[PDB]
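Contents: one structure, followed by commentary.
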Amino acid sequence: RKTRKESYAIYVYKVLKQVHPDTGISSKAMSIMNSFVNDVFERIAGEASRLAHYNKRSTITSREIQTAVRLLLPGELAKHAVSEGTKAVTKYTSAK
Amino acid sequence: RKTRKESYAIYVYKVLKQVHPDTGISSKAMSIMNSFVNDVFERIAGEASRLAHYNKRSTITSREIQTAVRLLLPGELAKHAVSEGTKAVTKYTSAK
Amino acid sequence: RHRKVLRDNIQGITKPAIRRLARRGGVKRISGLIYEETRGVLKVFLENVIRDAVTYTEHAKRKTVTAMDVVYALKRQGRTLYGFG
Amino acid sequence: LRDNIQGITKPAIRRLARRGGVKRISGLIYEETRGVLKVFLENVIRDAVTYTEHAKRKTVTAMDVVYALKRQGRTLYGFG
Amino acid sequence: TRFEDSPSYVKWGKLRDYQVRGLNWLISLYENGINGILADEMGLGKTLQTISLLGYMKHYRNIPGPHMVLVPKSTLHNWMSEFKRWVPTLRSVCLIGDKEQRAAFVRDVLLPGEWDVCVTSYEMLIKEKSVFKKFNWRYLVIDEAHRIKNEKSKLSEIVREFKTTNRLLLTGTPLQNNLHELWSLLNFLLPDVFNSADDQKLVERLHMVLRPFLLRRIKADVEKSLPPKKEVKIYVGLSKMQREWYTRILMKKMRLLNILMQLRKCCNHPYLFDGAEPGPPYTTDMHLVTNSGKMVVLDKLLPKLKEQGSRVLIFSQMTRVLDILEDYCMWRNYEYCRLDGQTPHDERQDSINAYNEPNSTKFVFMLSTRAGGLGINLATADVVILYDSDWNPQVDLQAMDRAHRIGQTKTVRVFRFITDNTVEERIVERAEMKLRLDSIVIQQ
Amino acid sequence: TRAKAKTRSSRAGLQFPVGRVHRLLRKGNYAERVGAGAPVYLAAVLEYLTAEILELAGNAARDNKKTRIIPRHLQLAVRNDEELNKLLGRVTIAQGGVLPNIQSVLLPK
Amino acid sequence: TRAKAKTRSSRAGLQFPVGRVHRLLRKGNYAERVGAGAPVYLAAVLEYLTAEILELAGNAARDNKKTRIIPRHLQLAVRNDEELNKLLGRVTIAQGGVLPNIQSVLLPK
Amino acid sequence: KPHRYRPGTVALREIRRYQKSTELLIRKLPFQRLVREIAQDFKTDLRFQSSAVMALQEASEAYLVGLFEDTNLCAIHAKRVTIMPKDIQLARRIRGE
Amino acid sequence: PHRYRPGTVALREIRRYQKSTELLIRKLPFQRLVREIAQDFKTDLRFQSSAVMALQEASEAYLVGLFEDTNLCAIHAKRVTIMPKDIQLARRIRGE
DNA sequence: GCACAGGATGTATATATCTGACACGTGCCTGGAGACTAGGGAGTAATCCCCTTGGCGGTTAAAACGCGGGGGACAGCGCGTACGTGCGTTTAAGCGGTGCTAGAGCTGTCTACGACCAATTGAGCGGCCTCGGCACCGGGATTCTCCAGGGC
DNA sequence: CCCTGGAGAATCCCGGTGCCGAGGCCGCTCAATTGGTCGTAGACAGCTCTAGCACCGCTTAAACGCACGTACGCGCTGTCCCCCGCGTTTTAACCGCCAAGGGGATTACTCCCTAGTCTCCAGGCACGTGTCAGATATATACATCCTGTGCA
Ligand SMILES: Nc1ncnc2c1ncn2[C@@H]1O[C@H](COP(=O)(O)OP(=O)(O)O)[C@@H](O)[C@H]1O
């Protein structure tokens with residue numbers, strides 16, 4: 001038993017079952033999806049860090065994340081992502 | 001009294017007098033030099049941080065700085081910069 | 001009840017100005033259809049840069065666009081500019 | 001070792017060009033393609049070897065290759 | 001105990017009482033080594049007094065030193081003609097034209113040093129500052145001295161840079177907005193006397209301080225004519241569209257950056273805004289008057305005055321408002337004459353001459369408030385309508401006196417249109433404060 | 001006592017790990033502090049992008065009469081969508097191939 | 001007692017602020033720990049790069065028969081040198097102009 | 001009878017002149033109006049600084065100059081001397097824009 | 001005897017290889033080339049199989065994109081044959 | 001149909017002037033250096049076993065070589081067309097002002113709410129096994145395409 | 001000079017094999033809970049300098065419209081040789097298998113290097129201030145195009 005490796009595989013599988021209820025994925029495709037998730041996380045987090053440094057803050061917030069997704073995602077993807085993220089933050093605020 | 005703004009102008013002027021004693025520099029060229037220094041600093045520091053994260057460490061050392069220099073600079077500049085940095089580190093650790 | 005429009009602002013980038021840019025680029029002969037194409041390309045480039053700059057300004061909770069915002073937008077686009085901070 | 005770039009053969013270059021979508025190929029294309037491949041591989045392998053030496057390993061890893069490709073602006077999905 | 005009669009060097013005319021006493025005051029000023037401001041209203045021979053002073057300083061005192069006169073471009077020909085007519089003995093030169101003419105002039109007439117008086121303009125002074133720096137000027141005369149009233153201005157900085165032994169400010173209205181302008185003028189005059197930044201504690205102290213530096217004579221020494229003006233303020237209410245746009249602008253797609261500048265024209269006419277006018281057909285019929293209270297009152301008043309004495313001048317601060325007025329007059333088939341900043345110089349003279357013909361069909365003359373070059377002799381008018389009010393009361397005073405000239409024979413009515421409960425009330429209050437300050441300081 | 005543990009992902013109705021995202025933000029040297037809404041927002045954005053790509057790839061795999069998504073399907077889905085193509089312009093997908101495309105000049109006349 | 005203060009730049013033989021570099025590294029959110037020799041190495045590297053660029057720009061200025069460096073001289077120095085051209089390929093210099101270059105086919109013949 | 005240069009010598013003189021200078025080749029006021037018009041579509045009630053428009057003009061001129069260099073190279077590749085929208089589009093397509 | 005015209009088989013190969021997804025270079029020669037190139041920077045280097053596979057994938061993608069751009073250059077020249085001049089033009093416009 | 005002379009244009013070169021920005025000097029204050037203590041990160045040694053390298057034999061797909069021919073590349077030619085060059089007219093850019101107000105940057109204070117830190121824990125998630133269904137391989141019959149010959 | 005008529009390639013349709021994806025079970029470590037605290041950012045107040053909006057005056061360089069002539073883009077044709085499709089022989093890649101050992105990966109231990117704190121002081125930054133380098137103008141000297149004209 002070697003060290004433990006983290007991956008987004010189970011969450012990607014949950015999303016896949018939600019989207020296409022009776023479709024599967026292969027190991028190579030799952031590795032590609034994990035790489036994509038890591039790359040997008042890195043881009044958004046780095047842009048948010050740059051914004052925080054530019055404005056001379058010390059905290060990464062939902063406003064920084066929203067500005068980062070506006071900067072990085074193109075057009076309609078940015079609009080839909082902003083809507084979904086705002087929805088999630090609103091539900092988390094109400095339910096907590 | 002206006003706020004304090006930090007810049008590398010004093011040190012750029014010192015290096016200019018060291019390498020070309022009878023030579024001046026305008027304000028806009030000083031802005032360009034300051035921007036160049038900031039950009040190179042940010043590139044090297046980001047590469048060193050990425051190296052530390054890749055190798056699962058938490059300290060930025062002269063090894064990280066040297067590797068970042070080798071990754072970012074093209075060949076002859078890289079090797080001359082390595083020589084200069086090694087000279088500086090050796091002189092710093094010699095009796096201080 | 002009086003009105004008078006002047007011209008499109010994209011026409012302010014004139015044919016002699018485009019010719020001067022082509023001369024600095026090293027062009028000898030220029031076709032007559034080049035000017036509209038150049039205006040479109042310039043418009044697209046400016047649209048991208050200004051959208052990023054306005055996003056930065058809105059995040060900073062400001063209504064004034066700064067050279068810093070322009071520099072950050074250009075760095076995002078991959079066109080680092082020296083000489084403005 | 002030596003005489004290994006010639007191991008990249010004319011049929012292989014033709015297959016690559018066909019996947020690129022070209023019909024007729026000049027006879028001088030093959031040496032030019034070999035040179036381009038050499039320069040690209042040299043850059044990538046140089047960066048990967050720098051990463052490996054910093055890690056103080058004797059083995060070059062797929063993660064090192066991926067990091068070199070990413071720092072050259074050629075992100076590769078499917079190896080980590 | 002000074003020169004009691006017209007001098008000898010002045011030919012073609014005998015100087016009258018006010019100008020001879022002004023010349024005595026200027027001579028006493030030079031003798032006491034003090035520089036002063038000559039504010040003799042607008043048209044009682046300030047140019048003639050300056051010319052007589054220069055002639056005196058050249059002839060009765062053998063000092064042929066160089067002299068410079070700064071004037072607006074519009075007055076250059078008049079100044080040169082007067083110099084040739086009244087005191088032909090002195091040699092006066094002018095610097096005008098493009099680069100070739102300027103260089104030819106400086107190489108041919110200026111540098112050799114045969115000239116005695118130089119009559120240049122503001123722009124030519126800014127162009128040739130380096131050339132003008134060399135000479136050791138004796139007398140520096142600045143016509144329309146309110147041009148340098150703002151420090152940090154390039155003209156004021158350049159004129160202070162010069163080297164002179166005597167100075168003389170020539171203005172009509174020294175105080176316009178605030179005492180900082182007067183301090184700037186007095187700092188140019190005597191930098192040593194006035195160097196700091198700034199009814200016994202005030203008023204009287206100001207009068208006694210400024211008395212040895214100023215000489216003003218209101219247009220009452222001669223009179224015998226010029227029936228007094230009657231000013232009436234007409235209050236108007238916003239129309240429905242004006243009210244809606246006013247509320248929408250106050251609460252908040254067109255940009256609204258200068259909110260005061262949007263409230264202004266909103267008081268003038270909603271048609272100035274994009275989309276407020278009705279649809280694309282773009283007709284001109286009865287929805288222009290009914291959408292503005294000022295338009296309603298004006299449409300009630302203009303036919304009345306035309307049945308009455310007519311010859312009405314309309315002064316406005318907006319060329320867009322002038323366009324709307326032109327459309328209204330064309331609809332009503334009046335005769336409208338327009339004078340604007342964009343009107344070419346030849347058209348201005350033709351328009352004023354046509355409006356001033358002994359018998360002409362012209363009824364409405366439309367002018368921008370500050371576009372006049374302080375001339376424009378419209379002495380045939382009867383009613384002055386200030387459609388919009390300016391912050392500076394002196395601008396409105398000049399607009400009024402363009403119809404209150406010497407040739408006027410019938411009393412003039414000044415109708416000032418003010419909207420109730422708007423920013424125009426604040427504008428009028430500010431103008432009243434400035435006018436009261438100017439009256440209490442200078443007019444007394 | 002202690003209440004029953006509820007995951008923040010369940011509180012936000014997401015299928016992505018909010019706590020894991022928060023830990024990655026804290027360990028990544030991005031800023032001194034991290035807010036409460038930033039992990040939720042980032043997880044939601046990641047979930048939306050994953051859903052979009054998976055939907056397009058599943059449709060492509062359906063057109064190929066397959067039940068499993070492979071890198072070829074992923075590449076087809078990415079390159080046939082303008083937004084995802086602009087987002088992943090500088091990305092190479094292993095074993096993804098190229099789009100079928102022949103210039104009209106090369107076709108027989 | 002208390003020995004006289006000596007700057008790390010002086011002890012290293014550099015003309016650049018080693019202490020300011022250390023402070024910027026610690027405040028830049030790159031890592032939670034910073035070694036002692038890393039600021040020295042970085043300052044030396046920055047000094048070498050600045051010296052190279054300034055020497056080339058001064059040579060260009062002397063070629064143009066001027067004693068003050070301008071952005072045009074900086075651009076001429078950055079170009080014409082393969083190392084610095086590659087290092088600053090994606091960088092625009094304000095009012096730096098372009099290199100004199102005319103293609104051979106355009107020359108009269 | 002009047003003196004006239006050949007069709008292309010004045011062009012080469014202009015090339016040398018504009019490759020020797022460093023100034024901006026676009027009129028400031030028209031460029032500023034264009035920038036404000038473009039910013040209108042993204043946010044009304046927007047104000048600009050003088051430095052922002054200057055930086056935008058510099059970046060735009062540099063981009064256009066580089067594009068024209070690539071366009072000239074493509075035109076020379078096509079055995080031509082006159083640059084064309086075909087050349088501009090090919091340059092943009094290869095660069096990835 | 002049946003003989004296809006000069007260009008039909010090329011189009012068939014184009015369609016086949018654009019439909020396929022496998023590697024187009026021989027793995028052992030590619031590995032030998034990679035090891036030979038690696039001998040320049042360090043001695044007695046060892047490689048993972050995944051590393052060589054990733055290098056080969058990157059090389060395939062780079063060459064395919066370059067050939068697409070070269071074909072576009074050839075079409076611009078009103079030709080159907082691609083040439084080293086076309087390859088050089090593509091590299092120069094790309095920025096290499 | 002060539003080679004050269006001269007005219008005209010532009011460009012480079014010297015010199016004189018002037019100005020405003022660069023380079024220097026001063027005060028002071030804020031950040032860097034000096035000395036010291038605590039604590040965790042990384043260096044070092046040792047062990048395990050995974051993975052990498054080396055070697056061999058047999059298949060067989062793929063590469064190399066040669067041949068015969070048609071299609072593409074390239075040089076030459078001719079034309080009529082769109083662009084360069086110069087000139088006279090018009091426009092608007094650029095500079096200098098008025099008059100007012102809000103935006104933004106800074107300095108300085110207050111204060112409170114949200115994020116960090118620590119101890120406890122229990123459920124989520126990763127690793128290992130296992131099995132059955134989809135992907136793959138092979139074989140057969142279809143449909144489509146491309147090329148040639150000529151009666152269209 | 002397109003219409004049949006054959007060949008060759010691709011495609012659909014069945015049937016048998018294998019191995020990998022999806023599920024299920026165990027165990028641990030990492031996120032959730034609760035409590036306490038502090039310090040960062042929001043809020044407020046005052047000052048000062050810039051930007052926007054509607055105007056005016058003036059100067060003058062630059063854009064604009066126009067006409068003429070000329071390189072040049074573009075079509076067209078011919079020639080030739082070069083690349084391509086096909087068949088044959090050689091070659092080494094590929095795959096399965098075995099064997100040995102180097103080095104990656106993990107763990108345990110300890111020390112030493114950095115973070116954090118408190119003093120103290122001096123180096124860098126804002127502010128004035130003078131003067132010299134570079135821009136600009138003006139007048140020659142020279143280098144470049146262009147054309148006409150004489151001549152073999
Ligand atoms: N010969 C004269 N001398 C003095 N004043 C005159 C003379 N002729 C006319 N005026 C007055 O001068 C006024 C306009 O002259 P203006 O240009 O104002 O002169 P100034 O600038 O010297 O006051 C007229 O109203 C007229 O009454």
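Each chain in the structure tokens gets a letter, A, B, ..., in the order shown, and its residues are numbered from 1; ligands are numbered from 1 in order too.
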(message) Could you list, as a PyMOL selection string, all residues that come within 6 Å of ligand 1? Count only C-alpha atoms (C1' of nucleotides) and all ligand atoms.
(response) chain E and resi 42-48+406
What does the file look like for those residues with N, CA, C and O atoms, as a PDB file, in the first residue's frame?
```pdb
ATOM      1  N   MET E  42     -16.799 100.500 -21.221  1.00  0.00           N
ATOM      2  CA  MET E  42     -16.527  99.760 -22.446  1.00  0.00           C
ATOM      3  C   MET E  42     -16.088 100.640 -23.609  1.00  0.00           C
ATOM      4  O   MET E  42     -15.226 100.230 -24.391  1.00  0.00           O
ATOM      5  N   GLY E  43     -16.651 101.837 -23.753  1.00  0.00           N
ATOM      6  CA  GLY E  43     -16.409 102.598 -24.963  1.00  0.00           C
ATOM      7  C   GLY E  43     -16.119 104.082 -24.854  1.00  0.00           C
ATOM      8  O   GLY E  43     -16.346 104.812 -25.822  1.00  0.00           O
ATOM      9  N   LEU E  44     -15.635 104.562 -23.707  1.00  0.00           N
ATOM     10  CA  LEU E  44     -15.263 105.974 -23.586  1.00  0.00           C
ATOM     11  C   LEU E  44     -13.757 106.174 -23.798  1.00  0.00           C
ATOM     12  O   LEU E  44     -13.035 106.698 -22.951  1.00  0.00           O
ATOM     13  N   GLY E  45     -13.291 105.737 -24.965  1.00  0.00           N
ATOM     14  CA  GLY E  45     -11.961 106.075 -25.450  1.00  0.00           C
ATOM     15  C   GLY E  45     -10.773 105.607 -24.635  1.00  0.00           C
ATOM     16  O   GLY E  45      -9.814 106.369 -24.460  1.00  0.00           O
ATOM     17  N   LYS E  46     -10.800 104.367 -24.142  1.00  0.00           N
ATOM     18  CA  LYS E  46      -9.630 103.832 -23.451  1.00  0.00           C
ATOM     19  C   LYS E  46      -8.441 103.709 -24.397  1.00  0.00           C
ATOM     20  O   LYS E  46      -7.298 103.998 -24.018  1.00  0.00           O
ATOM     21  N   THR E  47      -8.695 103.285 -25.638  1.00  0.00           N
ATOM     22  CA  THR E  47      -7.640 103.248 -26.646  1.00  0.00           C
ATOM     23  C   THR E  47      -7.068 104.637 -26.887  1.00  0.00           C
ATOM     24  O   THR E  47      -5.849 104.803 -27.002  1.00  0.00           O
ATOM     25  N   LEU E  48      -7.936 105.646 -26.970  1.00  0.00           N
ATOM     26  CA  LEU E  48      -7.471 107.010 -27.191  1.00  0.00           C
ATOM     27  C   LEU E  48      -6.621 107.498 -26.024  1.00  0.00           C
ATOM     28  O   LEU E  48      -5.596 108.160 -26.228  1.00  0.00           O
ATOM     29  N   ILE E 406     -24.687 103.397 -27.835  1.00  0.00           N
ATOM     30  CA  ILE E 406     -24.908 104.841 -27.844  1.00  0.00           C
ATOM     31  C   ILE E 406     -26.046 105.220 -28.782  1.00  0.00           C
ATOM     32  O   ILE E 406     -26.814 106.147 -28.497  1.00  0.00           O
TER      33      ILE E 406
END
```
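Within 7 Å of region 46-50 of chain B, once only C-alpha atoms (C1' of nucleotides) are used and residues closer than 3 positions along the same chain are dropped, the contacting residues are residues 42, 43, 53, 54, 60, 64, 65 and 68 of chain B; 30 and 31 of chain G.
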Restrict the selected residues to C-alpha atoms and save them as a short mmCIF file (atom, residue, chain, number, x, y, z; two decimals), in the first residue's frame.
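Saved file out_23.cif follows:
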```cif
data_model
loop_
_atom_site.label_atom_id
_atom_site.label_comp_id
_atom_site.auth_asym_id
_atom_site.auth_seq_id
_atom_site.Cartn_x
_atom_site.Cartn_y
_atom_site.Cartn_z
CA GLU B 42 8.00 37.90 -10.92
CA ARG B 43 8.89 35.29 -13.54
CA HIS B 53 5.25 22.95 -4.95
CA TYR B 54 6.22 20.22 -7.44
CA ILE B 60 12.55 28.77 -1.67
CA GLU B 64 15.21 26.73 -6.61
CA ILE B 65 16.46 30.12 -7.79
CA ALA B 68 14.32 28.81 -12.24
CA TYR G 30 5.36 32.36 -3.27
CA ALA G 31 6.22 30.05 -0.36
#
```
(request) Determine, counting only C-alpha atoms (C1' of nucleotides), which protein, DNA and RNA residues have an atom within 12 Å of an atom of region 36-38 of chain K; residues of the same chain fewer than 3 positions away are not included. Present the result as a ChimeraX atom specification. (result) /J:112-118
With a distance cut-off of 8 Å and only C-alpha atoms (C1' of nucleotides), select the neighbouring residues of residue 21 (chain C), excluding the residue or stretch itself and same-chain residues fewer than 2 positions from it, and output the selection as a compact mmCIF listing (two decimals) with C-alpha atoms, in the first residue's frame.
```txt
# COMPACT_ATOMS: atom_id res chain seq x y z
CA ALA C 17 -2.67 56.82 -40.96
CA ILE C 18 -3.06 53.20 -42.05
CA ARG C 19 -0.52 53.92 -44.79
CA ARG C 23 5.25 52.07 -44.01
CA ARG C 24 6.61 51.39 -40.53
CA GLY C 25 5.76 47.73 -41.10
CA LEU H 25 0.97 57.58 -36.23
CA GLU H 61 0.04 50.65 -33.06
CA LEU H 64 -0.86 46.72 -36.24
CA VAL H 65 2.83 47.12 -37.14
CA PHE H 68 1.65 44.43 -41.28
```
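Interface residues of chain C facing chain J, defined by any atom at most 9 Å away and using only C-alpha atoms (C1' of nucleotides), are residues 29, 30, 31, 32, 62, 63 and 64 of chain C.
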Can you write out the residues you just picked, keeping N, CA, C and O atoms, as a compact mmCIF listing (two decimals), in the first residue's frame?
```
# COMPACT_ATOMS: atom_id res chain seq x y z
N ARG C 29 3.47 48.55 -51.58
CA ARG C 29 2.19 48.79 -52.23
C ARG C 29 1.06 48.25 -51.37
O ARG C 29 1.18 47.18 -50.76
N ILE C 30 -0.05 49.00 -51.32
CA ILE C 30 -1.18 48.68 -50.46
C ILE C 30 -2.44 48.62 -51.32
O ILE C 30 -2.71 49.55 -52.09
N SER C 31 -3.20 47.54 -51.17
CA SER C 31 -4.47 47.43 -51.88
C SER C 31 -5.52 48.34 -51.24
O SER C 31 -5.42 48.73 -50.07
N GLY C 32 -6.54 48.68 -52.03
CA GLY C 32 -7.57 49.59 -51.57
C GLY C 32 -8.55 49.00 -50.58
O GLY C 32 -9.25 49.75 -49.90
N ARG C 62 -14.57 51.02 -9.02
CA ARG C 62 -14.23 52.35 -9.52
C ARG C 62 -14.93 52.57 -10.85
O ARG C 62 -15.36 51.63 -11.51
N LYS C 63 -15.05 53.84 -11.23
CA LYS C 63 -15.63 54.23 -12.51
C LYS C 63 -14.61 54.89 -13.42
O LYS C 63 -14.98 55.41 -14.48
N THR C 64 -13.33 54.89 -13.04
CA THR C 64 -12.26 55.47 -13.84
C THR C 64 -11.31 54.36 -14.28
O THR C 64 -10.88 53.55 -13.46
```
Could you fit chain F onto chain G with a least-squares superposition over all C-alpha atoms, matched one to one in order, and give me the transformed chain as a CSV table (one decimal) with C-alpha atoms, in the first residue's frame?
```
chain,number,residue,atom,x,y,z
F,1,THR,CA,26.2,47.2,22.8
F,2,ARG,CA,25.4,46.8,19.1
F,3,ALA,CA,27.8,46.3,16.2
F,4,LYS,CA,27.7,48.7,13.2
F,5,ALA,CA,25.0,47.7,10.7
F,6,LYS,CA,26.4,46.2,7.5
F,7,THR,CA,24.0,45.7,4.6
F,8,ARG,CA,23.8,42.2,3.1
F,9,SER,CA,24.3,43.8,-0.3
F,10,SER,CA,27.6,45.2,1.0
F,11,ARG,CA,28.4,41.7,2.4
F,12,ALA,CA,27.7,40.2,-1.0
F,13,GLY,CA,29.3,43.0,-3.0
F,14,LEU,CA,26.1,43.9,-4.9
F,15,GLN,CA,24.5,47.1,-6.0
F,16,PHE,CA,20.9,45.7,-5.6
F,17,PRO,CA,18.9,45.6,-2.4
F,18,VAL,CA,19.1,42.2,-0.9
F,19,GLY,CA,16.8,43.1,2.0
F,20,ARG,CA,14.2,44.6,-0.2
F,21,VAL,CA,14.3,41.5,-2.4
F,22,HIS,CA,13.9,39.4,0.7
F,23,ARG,CA,10.9,41.4,1.9
F,24,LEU,CA,9.3,41.2,-1.6
F,25,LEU,CA,9.7,37.5,-1.6
F,26,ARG,CA,8.2,37.2,1.9
F,27,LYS,CA,5.2,39.4,1.0
F,28,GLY,CA,4.6,37.8,-2.4
F,29,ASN,CA,3.0,34.5,-1.3
F,30,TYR,CA,5.6,32.5,-3.1
F,31,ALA,CA,6.3,30.0,-0.3
F,32,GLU,CA,6.0,29.6,3.5
F,33,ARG,CA,9.7,30.1,4.1
F,34,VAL,CA,12.6,31.9,2.3
F,35,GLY,CA,16.3,30.8,2.5
F,36,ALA,CA,19.2,33.1,3.1
F,37,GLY,CA,20.9,32.6,-0.3
F,38,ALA,CA,17.7,33.0,-2.4
F,39,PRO,CA,17.6,36.9,-2.1
F,40,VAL,CA,21.3,37.1,-2.8
F,41,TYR,CA,21.1,34.9,-5.9
F,42,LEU,CA,18.1,36.7,-7.2
F,43,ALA,CA,19.6,40.1,-6.7
F,44,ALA,CA,22.8,39.0,-8.5
F,45,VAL,CA,20.8,37.7,-11.4
F,46,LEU,CA,18.8,41.0,-11.7
F,47,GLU,CA,22.0,43.0,-11.5
F,48,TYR,CA,23.6,41.0,-14.3
F,49,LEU,CA,20.6,41.4,-16.6
F,50,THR,CA,20.4,45.1,-15.9
F,51,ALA,CA,24.1,45.5,-16.6
F,52,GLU,CA,23.8,43.6,-19.9
F,53,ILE,CA,20.9,45.7,-21.1
F,54,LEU,CA,22.5,49.0,-20.0
F,55,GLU,CA,25.8,48.1,-21.7
F,56,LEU,CA,24.1,47.3,-25.0
F,57,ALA,CA,21.9,50.5,-24.8
F,58,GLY,CA,24.9,52.7,-23.9
F,59,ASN,CA,26.8,51.3,-27.0
F,60,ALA,CA,23.7,52.0,-29.2
F,61,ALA,CA,23.4,55.6,-27.7
F,62,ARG,CA,27.1,56.1,-28.5
F,63,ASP,CA,26.5,55.1,-32.1
F,64,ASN,CA,23.7,57.8,-32.1
F,65,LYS,CA,26.0,60.5,-30.7
F,66,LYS,CA,23.9,61.0,-27.6
F,67,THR,CA,24.8,61.0,-23.9
F,68,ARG,CA,21.4,59.8,-22.6
F,69,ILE,CA,19.7,56.4,-23.0
F,70,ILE,CA,16.2,56.7,-24.4
F,71,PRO,CA,13.5,54.0,-25.2
F,72,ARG,CA,14.7,54.0,-28.8
F,73,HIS,CA,18.2,53.0,-27.6
F,74,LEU,CA,16.7,50.4,-25.3
F,75,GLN,CA,14.6,48.9,-28.1
F,76,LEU,CA,17.6,48.8,-30.5
F,77,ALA,CA,19.8,47.1,-27.9
F,78,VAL,CA,17.1,44.5,-27.1
F,79,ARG,CA,16.2,43.7,-30.7
F,80,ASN,CA,19.8,43.6,-31.9
F,81,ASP,CA,20.8,40.9,-29.3
F,82,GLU,CA,19.4,37.4,-29.9
F,83,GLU,CA,19.4,36.3,-26.2
F,84,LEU,CA,17.6,39.5,-25.0
F,85,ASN,CA,15.2,39.3,-28.0
F,86,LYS,CA,14.2,35.8,-27.0
F,87,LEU,CA,13.8,36.8,-23.4
F,88,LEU,CA,11.7,39.9,-24.3
F,89,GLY,CA,9.9,38.5,-27.3
F,90,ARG,CA,6.4,39.3,-26.0
F,91,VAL,CA,7.2,42.8,-24.7
F,92,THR,CA,6.4,46.2,-26.2
F,93,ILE,CA,8.7,49.1,-25.3
F,94,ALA,CA,6.9,52.4,-25.3
F,95,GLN,CA,8.4,54.9,-27.9
F,96,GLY,CA,10.9,52.3,-29.1
F,97,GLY,CA,9.9,52.0,-32.7
F,98,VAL,CA,11.0,49.2,-35.1
F,99,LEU,CA,14.3,48.1,-36.5
F,100,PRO,CA,15.2,49.4,-40.0
F,101,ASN,CA,14.4,46.5,-42.3
F,102,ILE,CA,13.2,46.3,-45.9
F,103,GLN,CA,12.6,43.1,-47.8
F,104,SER,CA,14.9,42.7,-50.8
F,105,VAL,CA,12.0,42.2,-53.2
F,106,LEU,CA,10.8,45.7,-52.6
F,107,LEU,CA,14.1,47.4,-53.4
F,108,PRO,CA,14.3,48.8,-57.0
F,109,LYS,CA,16.0,46.5,-59.4
```
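Our summary of the geometry notes that CA of residue 37 (chain B) is positioned 9.8 Å from CA of residue 7 (chain B).
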(request) For residue 80 (chain K), list every protein, DNA or RNA residue within 12 Å, evaluated using only C-alpha atoms (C1' of nucleotides), and leave out those in the same chain fewer than 3 positions away; present the list as a list in words. (result) residues 70, 71, 72, 73, 74 and 75 of chain J
(request) Please return as number ranges by chain: the residues of chain A that backbone DSSP assigns to strand (DSSP E or B). (result) A: 24-25, 59-60
Export of the given selection (N, CA, C and O atoms) as a tab-separated table (two decimals), in the first residue's frame:
```
chain	number	residue	atom	x	y	z
A	24	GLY	N	-20.76	5.55	-19.77
A	24	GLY	CA	-19.57	5.31	-18.99
A	24	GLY	C	-18.36	6.05	-19.53
A	24	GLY	O	-18.41	6.71	-20.57
A	25	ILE	N	-17.25	5.91	-18.80
A	25	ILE	CA	-16.01	6.58	-19.15
A	25	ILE	C	-14.86	5.59	-19.00
A	25	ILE	O	-14.96	4.60	-18.27
A	59	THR	N	-7.31	38.50	1.24
A	59	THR	CA	-8.29	37.43	1.26
A	59	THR	C	-8.80	37.18	-0.15
A	59	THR	O	-9.04	38.12	-0.91
A	60	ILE	N	-8.96	35.90	-0.49
A	60	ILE	CA	-9.63	35.51	-1.73
A	60	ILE	C	-11.10	35.28	-1.42
A	60	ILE	O	-11.44	34.51	-0.52
```
(request) Please report, as a VMD selection string, each residue of region 5-103 of chain F to which DSSP assigns alpha helix (DSSP H) when run on this structure's backbone. (result) chain F and resid 8 to 12 18 to 27 37 to 63 71 to 79 82 to 87
